[PDB]
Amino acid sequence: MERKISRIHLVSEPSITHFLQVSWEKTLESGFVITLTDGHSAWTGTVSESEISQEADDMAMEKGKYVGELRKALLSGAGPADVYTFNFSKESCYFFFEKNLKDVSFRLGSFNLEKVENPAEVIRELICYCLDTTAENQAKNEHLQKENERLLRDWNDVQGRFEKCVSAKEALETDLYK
């Protein structure tokens, strides 16, 4: 399974940074689970692959394009120009996000999130994930430097073999064969 964690700002609470954890199986369009967090409370919701496909229809868009918008808006895939906003009512339990073109905004999606009974468990899980992840990427990068390091020392060996070659030549002619 795959996930993406990102930070957003709710239109109703601009002084605080909320977080988004979105996870899916093979593809985002195959359906995904979405969790919103403020670091203490947690709200989760599910979106089936049929609700997605259905929404793309209601919007006169090709499923691919819509999914694309979903990536940009929910998996932090937005471009420098793209501007997305997010809304959530901690009473309504209704979460909706919009795209803004020149200040003219249009609904892009919306779903209901239910309050998580055990938020600290979700959060602990999120941190473990990040921990494992940072560790993996640390390794990869560490292993990648060993490789670059090898290339350099591996190259330094060629230098030496070359010098020894020249000397063998600047010699052999002048000597051995006279």
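Residue positions are given as counts along the sequence shown, with the first one as 1.
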Greater mean Cα temperature factor according to the PDB record, 65-73 or 114-122: 114-122
Per the PDB entry, mean CA B-factor is higher for 44-52 or 128-136, namely for 44-52
Chain-relative CA temperature factor third for residue 21: lowest
For the chain shown, is the CA B-factor of residue 169 in the lowest, middle or highest third of its modelled residues? highest
Which third, lowest, middle or highest, does the C-alpha temperature factor of residue 33 belong to within its own chain? lowest
For residue 152, the third of its chain by CA B-factor is the highest
